[PDB]
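Worksheet for the structure shown next.
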Amino acid sequence: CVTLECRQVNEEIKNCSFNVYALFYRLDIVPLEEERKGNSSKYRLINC
Amino acid sequence: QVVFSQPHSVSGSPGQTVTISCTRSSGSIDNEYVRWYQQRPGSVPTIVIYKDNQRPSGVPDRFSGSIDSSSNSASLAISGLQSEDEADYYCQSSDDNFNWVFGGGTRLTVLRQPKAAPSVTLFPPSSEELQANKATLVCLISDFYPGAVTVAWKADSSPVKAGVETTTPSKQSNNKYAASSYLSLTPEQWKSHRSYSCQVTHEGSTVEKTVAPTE
Amino acid sequence: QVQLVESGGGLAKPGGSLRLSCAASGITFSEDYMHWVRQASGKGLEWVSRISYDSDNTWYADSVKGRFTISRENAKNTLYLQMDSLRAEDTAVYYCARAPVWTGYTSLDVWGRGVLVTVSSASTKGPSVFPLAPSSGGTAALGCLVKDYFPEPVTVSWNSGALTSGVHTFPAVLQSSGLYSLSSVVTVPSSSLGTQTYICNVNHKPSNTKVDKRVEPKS
Ligand SMILES: *[C@@H]1O[C@H](CO)[C@@H](O)[C@H](O)[C@H]1NC(C)=O
Ligand SMILES: *[C@@H]1O[C@H](CO)[C@@H](O)[C@H](O)[C@H]1NC(C)=O
C-alpha cells in the first residue's frame, strides 16, 4: 500500500502527498500513527 | 516538565453553566490537541472531548471544548448541569517529547443539598493506648456539606504541624460528608500540655474542640 | 465490545520488580495503540507509557523511563508492563487503555478495570484496636481506632452488623512508619449509654486477625 503524508488544509479534507499534493476526504484515508494538531502524519488509503 | 493546571474544585447548581480551565505551563497550548475525560466516582474515565472540541457519539451537546491561545489554556464548558455530571474531569495533551500528560484534575460538585456545618468530636488517647506507650488524638468530622474542610491542630495555643494525618472527605450513608484527622504524640508529649485543640474550618467558619490530659 | 482485564502486579519492595499483563477481548487489538495509565488512591491520572500496534514505537513518562518496559503480543491480544527498580511512589492502580483508529490514536476510549501495585518495605502486621469512648440533641459519638496494620484492607462492623445507623468507617491513613491506621465511628442516642452495649468487629484478613472491642463510656 502507498503511504500518504497528510495535514490539515491551509466533510473534513486533508492535504496529502504521495510516495504532488492532492486533497483527500478524511473518510477515505486511515491514520497509521497518532494524528497531530498543526503537524503532518502518515496515512494509508481506505481501500488498501 | 510541562504542567497542565486545572482548578482543584468547581461547583454549580443544576441547570447552570460551569467552566473548567486547563492552563499549559510551558510551550503553546496549540502545539497539540487537548482532550477531556470524565471520571465518575468508582468508575473508569471516558472521553468527553477529543481533538480540542470534538464530541464522541453519545456525549451530550451540553459538553463543549475550546482553546484560548492568549491565556495558553483549554476549557471544558458544561451547560445545563445535570446530577450525573458530578465527576472528576481531566484535560490531557502531550509535551515536547511527545509523551502524553494529564492535567491535575478538577472535582465538579453539583450542589444539591442544604449547607451543613461539621460536627466535630475530639477523642483523647485511650487508657489502653497509653498503657501501650502510645498516644493518638482522633478528630472526627461529620455531617457537613459541601465536602471540603481544612483541619488545624494546636498544643495549647501553638500550631502542631508534625505527626498529623488527615483523610480526604468521603460521603456518609446519609449523603453528607465526613473526614478524620489524627495527631500522634508520645505519652509524655500528651501529658506535658494543658490542652490540645482540633480546629475545623468549613466555608470560612471555624469549629473547635479541645481536650485536656487532666481527664 | 472490547474489554481490557489487567492481571499481575501485587506487592513488592523498593528496588523489586513486577510484571503487569492485560488481556483484550474483541477484534481491534492488532490495530490499536495501547497505553498504561496509573492513579494513586485519591490522586490524579498519570500517563505511564504507550506502544504502537506494530511494537516499533514506544514512549515512557519521565518518571518511569529506564525502569519500565512496555511490550505486547498481538497474536494473544495481550499488553505487558515490566516494572523494574520499583519505588514507593509507583504505588497506584494501573489501567490498561486503548487508543483506537477512530480517534486518530489520539484518545483513550476503553479502559481496563485496573490492577493495584503496592511498593513498600513494611511487613504484614495485624492492627491494635483501641476504643474511642463517648463523652441538646441528646447525641453522643463513639468509635474504634484501628492502628498500625499492613497491608490493606481492614473491615469494621458494629454489633456483628446489627448496628448500621450513624455508622461511618473512614479511609485509612498511611503513616511515616509504612503502616496504615483507620477509625470507625457511630453516632448513638445519649440515653442508650449504660443500657446498650457497643462492640466494633475488626477483621484484618492478611494477618488472620479478628478483634471484637467493647466500647464503654468512661469515668
Ligand atoms: C496543500 O499543500 C501544498 C504544499 O504545501 C500547497 O501548495 C497547497 O496550496 C495546499 N493546499 C491546501 C488547500 O492547503
Ligand atoms: C509539531 O511537531 C514539532 C516537532 O515534533 C513540535 O515541536 C511542535 O510543537 C508540534 N506542533 C506544532 C503546532 O508544530
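Whatever order the structure lists ligands and atoms in, that order sets their numbers, starting from 1. Side-chain atoms are counted along with the backbone in the values below, which use heavy atoms only and exclude waters and symmetry mates. Below, chain A is the first sequence line, B the second, and so on; all start at residue 1.
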(message) Starting from atom 5 (O) of ligand 2, what is the nearest protein heavy atom, named by residue and atom, and what distance separates them?
(response) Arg36(A) NH2, 4.3 Å
(request) Measure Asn10(A) to ligand 1 on non-hydrogen atoms and call it side chain, backbone, both or neither using the 4.0 Å cut-off. (result) both
(request) Answer yes or no: is there a side-chain heavy-atom contact under 4.5 Å between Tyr53(C) and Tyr33(C)? (result) yes
(message) Would you call the rings of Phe18(A) and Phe24(A) parallel, tilted or perpendicular, taking 30° and 60° as the class edges?
(response) perpendicular
(message) To check your reading of the model: name the closest protein heavy atom to atom 13 (C) of ligand 2, its residue, and the distance in Å.
(response) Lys37(A) O, 3.6 Å
(message) Less than 4.0 Å from atom 7 (O) of ligand 2, is there any heavy atom belonging to the protein?
(response) no
(request) Mark yes or no: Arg67(C) above the aromatic ring of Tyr60(C), with NZ or CZ under 6.0 Å from the six-membered ring centre and no more than 45 degrees from the axis. (result) no
(request) Flag the pair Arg55(B) and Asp61(B) as a salt bridge only when some basic side-chain nitrogen lies within less than 4.0 angstrom of an acidic carboxylate oxygen. (result) no
(message) Can you confirm whether or not the ring centre of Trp36(B) sits under 6.0 Å from the ring centre of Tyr89(B)?
(response) no
(message) List ligand 2 atoms under 4.0 Å from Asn31(B), heavy atoms only on the residue side.
(response) 9 (O), 10 (C), 11 (N), 12 (C), 13 (C)
(request) Output yes when the distance from some N or O of ligand 2 to some N or O of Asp30(B) is under 3.5 Å, and no in every other case. (result) no
(request) Starting from atom 3 (C) of ligand 2, locate the nearest protein heavy atom and write down its residue, its atom name and how far away it is, to 0.1 Å. (result) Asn39(A) ND2, 3.7 Å
(message) Using a 6.0 Å distance limit plus a 45 degree cone around the ring axis, check whether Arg26(A) lies over the aromatic ring of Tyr43(A).
(response) no
